[PDB]
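Structure at a glance
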Amino acid sequence: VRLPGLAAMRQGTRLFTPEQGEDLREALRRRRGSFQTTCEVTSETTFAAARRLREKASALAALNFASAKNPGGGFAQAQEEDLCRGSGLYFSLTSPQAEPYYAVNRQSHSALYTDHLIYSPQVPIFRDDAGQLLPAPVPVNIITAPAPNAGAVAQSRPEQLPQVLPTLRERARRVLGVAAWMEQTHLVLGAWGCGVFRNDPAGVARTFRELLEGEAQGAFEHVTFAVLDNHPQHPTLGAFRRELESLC
Ligand SMILES: Nc1ncnc2c1ncn2[C@@H]1O[C@H](COP(=O)(O)OP(=O)(O)OC[C@H]2O[C@H](O)[C@H](O)[C@@H]2O)[C@@H](O)[C@H]1O
């Protein structure tokens, strides 16, 4: 039997095309300065921070560290795979209205990818990190967007190297712009493409904080950076702790 909430979420899945970029900027403009934004940095999984926040959250959204080319990246240790094995996210990402995001990214033939985003609303979370069922499913909105593949740019098209950071900065701006357009109050962010995509975890942490300090200042109630780091040296998490300290 089909799981509860899957059909409503798949039916409501929506694509933001790159020609909507100024619609998303204006939504950020219009929402600037609405609250006192509290921003933590934690050790939890994206979905752990989600299930924590949901009882305080009018409008909960979390960022999927997405593959540009096939839904779920084709599945092993990555965040998007965490989200799919424990939620109905995959049923949304394979929806018909989302096909253009995967189709155009493939035709792009560029490691920086395009500026399409997938908004999946009310995605049921069914399991915790240990993998056990949940009493009741807890729903979360998911913005899906690929960070530029810094690793593939360096190994395949170094000419685009100077474009990695601008690309990541404008794309992060559209992610917050989607969240503002959908009037979301609580954002679960993280180490967007600092694992398999090889981006510099210091760079994405400061790019986030720059926008949270400028264009997106006050735009959301509560931002949670849920950076999972199992490596003993803890360099990813330590980069977001270090870089987000002034803003909290
Ligand atoms: N379950 C998790 N929950 C929260 N944070 C996590 C989790 N797993 C890892 N992190 C942290 O988030 C950081 C980045 O996790 P990554 O998934 O590599 O995102 P990307 O930007 O590199 O590219 C994702 C690609 O890899 C996949 O194949 C996708 O399909 C894409 O093709 C990790 O280093 C962790 O510190």
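One can find the structure itself at the top, above this paragraph.
Residues numbered from 1 in each chain as written, not as in the entry; some residues may be left out. Heavy atoms only, no water.

This next bit is on helix α2 (residues 21-31). Within the span of α2, buried status applies to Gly21, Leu24, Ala27, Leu28 and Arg31. Seen end-on, α2 carries its buried residues on one side only, within an arc spanning 125 degrees. When the buried face of α2 is taken as reference, the exposed residues oriented beyond 90 degrees from it are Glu22, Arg29 and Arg30. Where α2 is buried, its residues meet β1 (14-16) and α8 (164-181). (Buried < 20%, exposed > 50% of the residue type's maximum accessible area, 1.4 Å probe, protein only. Helix = DSSP H or I, 4+ residues; strand = E, 2+ residues; numbered from the N terminus. Arc of directions from axis to C-beta. Contact = heavy atoms within 4.5 Å.)

Let us now look at the site of the ligand. Lining the immediate surroundings of the ligand are 20 residues, of which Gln79, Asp82, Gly193, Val196 and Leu228 lie closest. Note that an oxygen atom of the ligand is positioned 3.1 Å from one of the side-chain N or O atoms of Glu80. Backbone polar atom of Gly195 to an oxygen atom of the ligand: 3.0 Å apart, as the coordinates give it. When the ligand sits alone it has 700 Å² of accessible area, and the protein chains cover 90% of it. (Near = heavy atom within 4 Å. Polar contact = N/O pair within 3.5 Å; in protein donor to acceptor, adjacent residues only side chain to side chain. Areas by Shrake-Rupley, 256 points an atom, 1.4 Å probe, with all protein chains shown as cover.)

Within a regular strand, the side chains alternate between the two sheet faces. Strand β4 (residues 117-127) sits mainly inside the fold: nine of its eleven residues count as buried. Across three bridges, β1 lies against β4 in antiparallel orientation. By the bridge assignment, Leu15 is partnered in β4 with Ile118. Bridging between β4 and strand β5 (residues 133-145) involves seven bridges; their strand directions are antiparallel. Along β5, the bridge assignment pairs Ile125 with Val138. Taken together, β4 and the strand that follows it, β5, pair antiparallel across an intervening segment of five residues, in which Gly131 is found at a positive phi of about 95 degrees. (Pairing = 2+ DSSP bridges.)

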